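> Okay, handing you the structure first.
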DNA sequence: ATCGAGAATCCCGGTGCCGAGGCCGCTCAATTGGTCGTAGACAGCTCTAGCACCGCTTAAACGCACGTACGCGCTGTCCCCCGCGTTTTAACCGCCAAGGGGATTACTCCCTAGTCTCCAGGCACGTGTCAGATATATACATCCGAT
DNA sequence: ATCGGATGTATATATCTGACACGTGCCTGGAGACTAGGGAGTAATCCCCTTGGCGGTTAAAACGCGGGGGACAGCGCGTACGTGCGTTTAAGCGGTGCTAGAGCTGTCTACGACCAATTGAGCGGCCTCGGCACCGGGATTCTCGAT
């Protein structure tokens, strides 16, 4: 099934999985990748972008776009968990 | 004058994707595809009859030719569709 | 019970190309396989040609064509010459 | 002035020509070649226009598939540059 | 006096000259036949074989692997290796379109 | 005539084939290969045409030539 | 009444030196030790396809015995036509 | 009535029987053969057009075009296995780059 | 009646024009089979058969055997370019392979 | 580098055997030799689509420069695989036994070729709407120094 | 590593045209209702070839042990091909117009399916002997560690 069916997903900064793997996961889950800071439903990175509060993640914060770890998509693929749990039990940002 | 499969293809398209249409080139490819698969199954059904000295292609030569030509789940599902159809047709 | 094979005609042809030479039963079995394969290729192609042109009859013309398709190059020209020479002789 | 590095535009071209479906050889010179080759097997021929389109679709598809096999042979040799020996290998494995 | 030893690859060449000259079936008959029965029982239980049907299966298999090894050998030589390796088999099969 | 298959046209084909870098000897090699490929398809198609007593080569003549060589081409049939 | 116990692991019946002999006939001078399991994989895939088709010709005939003709027809349709067992 | 309607098929059972007889595939053709064959052709037709319409819907386009047929047939393992040697006019090829060819 | 005369003997063929005509009908290849077709086909089969046995007997002579055996058929076929082209996807039982070592594999 | 052992190969020749060539019955399938219906060879007509050729546009092919990253020849070195001696295990061969099932014959009846009559399906061909091709401006996605 | 610039890309919005979806008339092929004869489903019998099994020999497999030569990493450098510009040419287009020849039509006759009576040709069996295989011993080739 495709949980991200209509959703836009921003990728920021360093990732352990490469860009094409994260894009392939977004596609397999039905969502759309972007690089634009202010129009996504979810933002994705390692801890680094929120840990630094990088200028691009400050735009994500002022947009109130909730942030998930790179590996939190692995659970979105691997389990039956609800979207809210995947964005609350799994979250990086204090905003959302 | 010039027969084809095009309207039956279109009726199948209306069953699987009601909103969808099909370009003339794509419809020409479906006519090509249906004729190829038909020639494969009929050729192999013929060869099955000759190896067994049978005069007749029955539903069973078709079923075997299909089990030979198709891979895996296409083969299993195709045989089920043939079984369903001949069952339904019989009454 | 009664089988049939090309084996005697294979043997006759052998005596004509190489008088002194004999042939093993396994080699003879291979020639019977080969003769049947080539017969089925040519007859199969001649069937398609007839069908494509709406002709109900396979004739010498369909065979002569099927041979130019199936055989390579010089092997084809010789086969076509042999096929021709045999039919003109048989016409007498 | 600005400049892309070697191989960058080649990758940009791979993405482009894999995304599109148009025939890639100019029509008229391909048609002209077909006439020269045909003229030897029989003089005074004519072609249906669609028949030359079928030949172009065949030749382009065959060459593209051969170039994919050729690409593997160069990669196997640890090259990225294809070379005539790669074509000759691929064709010999195919038994052409 | 040191024992006589051929240098490496020298006997391998002599084996190639031997096994290309001969027409013998190179796989042990009985283990090949057990493999056929072992595979066959996945499609239909309690099958039987004409003895010649097993011979035909072996002749096919030996020809098929020999041919694949020739293509594998070209793939190794093309990479400037003398040694065949699994990537050669994977290449040869992919260019044949068996995968 | 064969040199009318232009250098960039061969590059475009190699690009569709995913090829990144191309040694220049490939163009003349590919022209050779293509001419062999066309010779066998045309000779078979022309054979079907001439069998049918036509002078005009049909799309079907090409389709049958490709189909007997196993390079089965849909869409023109 | 009788049966035989199910056969196991007979793929390892294809001995290391048997694979070497096939490669020697195939003109191979040196063999990396990783080739043998890969080769067994390929042979098993080949035999699965040929047997599946042959068994299907046997089933179609309503026979229980696989014949040389069942095998020849399988090989023929797979484009690996074998002479010496037909006719 | 019609043989297609007794079978519940969209495919043309009557035509299929006539083509089986007229092609010289055999001396005789049993009444169940064209029913089974029409069912199999219809199923395979639906199985392709299922995927082709999904490929079209993946994209923005609403009508199937040769590109969509090619992407469907090559993405699916079993259709690609069934159609391995077939060329599709105007198909192009799968988006596919070997990883060795990329930067870094 | 006149004395019976085989169609093979009218054609100057060893191959059986009668059996070939029978098989062309019973193989369902067409509705009808024209009277020249089995002669033409028999001549072609005969020519190719003679062409193989020609080369096979030569290979047997070169190998100093009076009897053709499957090995000589394989060698004779793979030694002719047009036969090997006609038979490139055929396996010969008991054939073996051409004697062939890639030149790079030989010692310096 | 050219030169002695020595190891495997290729080469005589006596044996002795079983697979191939030949010969004989004889069953049946090929031929001889008569209808007759129709496939298809041939003549005529017609109209469409392939070829020819024309002038203009502008996309594409070409030729040139240049530099960088690739191919690749070179060296080291590390370990794998080959070659060779020993142990062992199972393949192989002969021969034994039972009986599954493959091959064959014979019946009889289901069904499918075949004819005729009927009509609805599906084709050829009109036609109007709207999917998507072509801009056209726009807001990214990602590459390349420069730090 | 970040960051700015740039520039190639994919994205909204707008038109607009020609391709496809639908509607129509009709004509021919499927389908309904027969008929009838032969294809193949089922029984029954036979015997053959398959599967199981046993004991003995010895060929091959598995194994262990060196050690040298091959894979492959690293790397120095010569060059050949990628990216980009200015140049030029020939592909494309949309035009016209011609006419060869693909296509349908109508006739009629050459031949090939058909039947049936007839007989030699090819197959199934029994030989018997000579081409081959098999050692046994022999000379020749080619390899290797000397030099």
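So for chain F, numbering is Swiss-Prot's, and the shown residues are 26-102, in order.
This entry, so its header tells us, was determined using electron microscopy, 3.5 Å.
Using N, Cα and C of the backbone, Cβ positions are placed for all residues, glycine too.
Below are the features listed in Swiss-Prot for this protein:
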| type | residues | note |
| --- | --- | --- |
| MOD_RES | F:32 | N6-lactoyllysine |
| MOD_RES | F:32 | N6-propionyllysine |
| MOD_RES | F:32 | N6-(2-hydroxyisobutyryl)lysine |
| CROSSLNK | F:32 | SUMO2 cross-link |
| CROSSLNK | F:32 | UFM1 cross-link |
| MOD_RES | F:45 | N6-butyryllysine |
| MOD_RES | F:45 | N6-(2-hydroxyisobutyryl)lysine |
| MOD_RES | F:60 | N6-(2-hydroxyisobutyryl)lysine |
| CROSSLNK | F:60 | SUMO2 cross-link |
| MOD_RES | F:78 | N6-(2-hydroxyisobutyryl)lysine |
| MOD_RES | F:80 | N6-propionyllysine |
| CROSSLNK | F:80 | SUMO2 cross-link |
| MOD_RES | F:92 | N6-acetyllysine |
| MOD_RES | F:92 | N6-lactoyllysine |
| MOD_RES | F:92 | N6-glutaryllysine |
| MOD_RES | F:92 | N6-succinyllysine |
| CROSSLNK | F:92 | SUMO2 cross-link |
| CROSSLNK | F:92 | ubiquitin cross-link |
> Applying an 8 Å Cβ threshold (strictly under) against chain H, tell me which of the modified residues F:45, F:60, F:78, F:80, F:92 fall inside, in sequence order.
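Near chain H - Cβ to Cβ under 8 Å - we find F:45.
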> Given the modified residues F:60, F:78, and counting only Cβ atoms in the protein chains shown, which has the most within 10 Å of its Cβ?
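The residue with the most neighbouring Cβ atoms within 10 Å is F:60.
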> What subset of the modified residues F:32, F:78, F:92 has a Cβ positioned less than 8 Å from a Cβ of chain D?
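Nothing passes the 8 Å Cβ test.
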> In whole Å, note down how far the CA of residue F:92 (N6-acetyllysine) lies from the CA of residue F:32 (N6-lactoyllysine).
30
> Taking the Cβ of each of the modified residues and counting other Cβ atoms inside 10 Å, which one has the highest number: F:32, F:45, F:80, F:92?
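Top count of Cβ atoms within 10 Å goes to F:45.
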> Find the one among the modified residues F:60, F:78, F:80, F:92 whose C-alpha lies closest to that of residue F:45 (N6-butyryllysine).
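Nearest by Cα distance to residue F:45 (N6-butyryllysine): F:60.
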> According to DSSP, which of helix, strand or coil covers residue F:92 (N6-acetyllysine)?
helix
> Where does residue F:78 (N6-(2-hydroxyisobutyryl)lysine) sit in DSSP terms: helix, strand, or coil?
coil
